[PDB]
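Sequence positions, counted from 1, serve as the residue numbers for this chain. The figures that follow rest on heavy atoms only: side chains count, while hydrogens, waters and symmetry mates do not.
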Amino acid sequence: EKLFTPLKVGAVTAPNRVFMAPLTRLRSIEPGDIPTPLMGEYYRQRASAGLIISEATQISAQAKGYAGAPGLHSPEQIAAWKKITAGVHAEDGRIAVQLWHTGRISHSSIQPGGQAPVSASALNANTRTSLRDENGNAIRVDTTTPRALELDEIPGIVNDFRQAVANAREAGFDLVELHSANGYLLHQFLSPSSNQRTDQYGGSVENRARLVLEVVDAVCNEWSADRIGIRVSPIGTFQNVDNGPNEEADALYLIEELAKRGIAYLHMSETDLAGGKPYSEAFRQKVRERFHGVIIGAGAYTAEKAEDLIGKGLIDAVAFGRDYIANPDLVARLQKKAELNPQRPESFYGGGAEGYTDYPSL
Ligand SMILES: Cc1cc2nc3c(=O)[nH]c(=O)nc-3n(C[C@H](O)[C@H](O)[C@H](O)COP(=O)(O)O)c2cc1C
């Protein structure tokens, strides 16, 4: 059981490999997109995780694509997050903030100015996002067709990432995780199916990776490389974003580029919740040879598959999403091979304490 053994993740040391996956729960205060003491308690309950990766958190207001998702750009968000990180720390936890821009998985109604969300190109995501109705309840809404970012707008995106990482530092997060996966902004640049640009941010894989690597460089400069992790979903299809006809070659390009930055970790979202073809161990090996930091795998993992792959030297840690939702003490439960609380998927998004902080510990 390597699952319950320590792991150096950049600037911190996880005491086990059972990580809490970033889990959008859509419980933040609006207006302001502000983390709550309730979220503080949910994270504190889960403070035994080897590492908590927070719900995806906006780098900027423009980054917002979901109602109830928190930001890390405003003083009030920073103040609220400070309490939440202090709570995790009070329990001897560690927490990374996952930082995103949702790009075209967004809706004009929650964009600054009610304007179209931005992306690499002006192509609809053809999916839904989650807004809130007038009662504050989660509802699914078709995504708004995005605007193609202008060349001159790119440095601002980079700077939003850089600023959010400076904010994360101040807020007491131990690490940050760049959300370059699952069909979101960075992923929309990466993918040829969502990126049809003909400037230096589109076409070739080098151009498609350009933004994410600029982002990585700016955030490493801002804080420190050993504070920076990144989530990718470079193989398969995620909320309609395929990785193109050269997905494997392009991933490996991207991974080798990330490697040069000496970043804390590479987190792989391997499949959508609807599933997809598993990663081949061959691919896993190719990833592992290109990247020299922590590799976290995620996507319908069982303790048994995590042990398997960590034991096989292919990944360092596993991020559990839905089991962590349902089991605050997942670490102790996996450790003791205890039964797990039943999941209540109906309360994954939005709502309050119920299905959030009422899953019991052993
Ligand atoms: C309720 C829900 C919310 C999610 N929110 C995020 C998100 O914030 N950022 C992200 O990268 N992945 C998100 N994911 C995907 C998870 O991080 C994770 O990769 C997936 O849930 C792991 O699979 P598992 O639930 O079978 O363990 C979410 C998944 C679910 C079920």
Sub-3.5 Å donor-acceptor pair from the side chain of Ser233 to the main-chain atoms of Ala181, do we have one?
no

Has the side chain of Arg290 got a donor or acceptor atom that lies under 3.5 Å from a matching backbone atom of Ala259?
no

Validation row: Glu55, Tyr43 side chains within 4.5 angstrom (heavy atoms)
yes

Determine whether a donor-acceptor pair (N or O, by modelled atom type, separation under 3.5 Å) exists between the side chain of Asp133 and the backbone of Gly136.
yes

Taking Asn341 for the side chain and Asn327 for the main chain, is one N or O donor matched with an acceptor at less than 3.5 Å?
no

Are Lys286 and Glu248 ion-paired here, with the side-chain N under 4.0 Å from a carboxylate O?
yes

Measure the spacing between CG of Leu131 and NE2 of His107 and express it to the nearest 0.5 Å.
6.0 Å

Report the residue from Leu175, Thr13, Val18 that forms a side-chain contact (heavy atoms from CB on, under 4.5 Å) with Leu51.
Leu175

Shortest non-hydrogen contact from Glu177 to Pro22?
OE2-CG, 3.6 Å

Consider only side-chain N and O atoms of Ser191 and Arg208, and report whether a donor and an acceptor are under 3.5 Å apart.
no

CD-CG distance between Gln58 and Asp160, expressed to the nearest 0.5 angstrom:
12.0 Å

Side chains of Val212 and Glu257 in contact at under 4.5 Å (non-hydrogen atoms)
no

Around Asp152, counting heavy atoms of other residues, nucleotides and ligands shown, do more than 12 lie under 6.0 Å from its CG?
yes

So do the side chains of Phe4 and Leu334 get within less than 4.5 Å of each other, counting heavy atoms only?
yes

Stepwise, does the side chain to side chain contact (heavy atoms under 4.5 Å, CB included) test hold for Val118 with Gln62?
CA-CA 8 Å; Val118 289; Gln62 182 202 63; 3.8 Å; yes

Closer than 3.5 angstrom, by distance alone: can the side chain of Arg25 be matched with the main-chain N or O of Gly351 as a donor-acceptor pair?
no

Write down the atom of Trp81, the atom of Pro70, and the distance for their closest heavy-atom approach.
CZ2-CG, 3.5 Å

Using side-chain contact (heavy atoms from CB on, under 4.5 Å) as the criterion, point out the one residue from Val287, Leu254, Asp316, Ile315 that pairs with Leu266.
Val287

Does a side chain donor of either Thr143 or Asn124 reach within less than 3.5 Å of an acceptor in the other side chain?
yes

Side-chain heavy-atom pair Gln285, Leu314 within 4.5 angstrom cut-off
yes

Hey, what do you get for OG1 (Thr144) to CD1 (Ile105), rounding to the nearest 0.5 Å?
12.0 Å

Does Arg147 reach the main-chain N or O of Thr145 with its side chain, forming a donor-acceptor pair under 3.5 Å?
no

Got a donor-acceptor contact below 3.5 angstrom from the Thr57 side chain to the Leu72 backbone?
no

Evaluate the side-chain proximity of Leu190 to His187: yes if any heavy-atom separation is below 4.5 Å, no if none is.
yes

Please state whether the rings of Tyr356 and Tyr42 are parallel, tilted or perpendicular, taking 30° and 60° as the class boundaries.
parallel

Would you call the rings of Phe320 and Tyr301 parallel, tilted or perpendicular if under 30° counts as parallel and over 60° as perpendicular?
perpendicular

Looking at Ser60 and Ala63, would you say the former's side chain and the latter's main chain have a donor-acceptor pair under 3.5 Å?
yes

State, with a plain yes or no, whether a side-chain heavy atom of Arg231 is found less than 4.5 Å away from one of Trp100.
no

Joint cluster assignment, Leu123 & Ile154, ILVMFWY side-chain distance < 4.5 Å
no

Minimum side-chain heavy-atom gap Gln188-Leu149 below 4.5 Å
no

Consider only side-chain heavy atoms of I, L, V, M, F, W and Y, link residues closer than 4.5 Å, and tell whether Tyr359 and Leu330 are in one cluster.
yes

Atom pair CD1/CG of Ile84 and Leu38 - distance to nearest 0.5 Å:
9.5 Å

Ignoring hydrogens and angles, tell me if any N or O in the side chain of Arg288 forms a donor-acceptor pair with the backbone of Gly313 under 3.5 Å.
yes

Which word best sums up how the rings of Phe189 and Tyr201 line up, parallel for under 30°, tilted for 30 to 60°, or perpendicular for over 60°?
perpendicular

Cluster overlap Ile78 with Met39, hydrophobic side-chain contacts below 4.5 Å:
yes

Would a hydrophobic clustering, with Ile, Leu, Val, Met, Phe, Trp and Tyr connected at side-chain separations under 4.5 Å, put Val158 with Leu213?
yes

Salt-bridged, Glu222 to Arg227, with N to O below 4.0 Å?
no

Please report the closest heavy-atom contact between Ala69 and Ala56, naming both atoms and the distance.
CB-O, 4.3 Å

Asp323 and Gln343: side chain donor to acceptor below 3.5 Å
yes

Identify the residue among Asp33, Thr102, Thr129 that makes a side-chain hydrogen bond (donor to acceptor under 3.5 Å, both in side chains) with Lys64.
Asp33

Do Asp242 and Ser193 get their side chains close enough for a donor-acceptor pair, meaning under 3.5 Å?
yes

Are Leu186 and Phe161 close enough that some pair of their side-chain heavy atoms sits under 4.5 Å apart?
yes

Could you tell me the separation between the CZ atom of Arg104 and the OG atom of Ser121, rounded to the nearest 0.5 Å?
8.5 Å

Would you please say whether a donor-acceptor pair under 3.5 Å links the side chains of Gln163 and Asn167?
yes

Note: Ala298 and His267 closest approach over all heavy atoms is CB-NE2, 3.7 Å

Are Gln239 and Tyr184 close enough that a side-chain donor and a side-chain acceptor fall under 3.5 Å?
yes

Could you state the interatomic distance from CG (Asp329) to NZ (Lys336), rounded to the nearest 0.5 Å?
8.5 Å

Donor-acceptor pair, side chain of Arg94 and main chain of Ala49, under 3.5 angstrom:
yes

Where is the tightest heavy-atom contact between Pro117 and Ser108, given as atom of each residue plus distance?
CD-N, 4.3 Å

Kindly state whether the ring of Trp223 and the ring of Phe173 have centres lying under 6.0 angstrom apart.
no

Smallest heavy-atom separation, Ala14 atom then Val9 atom, equals CB-CG2, 4.2 Å

Could you tell me whether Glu256 atom CD has more than 12 heavy atoms of other residues or ligands within 6.0 Å of it?
yes

Give a yes or no on whether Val232 and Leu211 share a hydrophobic cluster (residues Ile, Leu, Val, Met, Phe, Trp, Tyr; joining criterion: side-chain heavy atoms under 4.5 Å apart).
yes

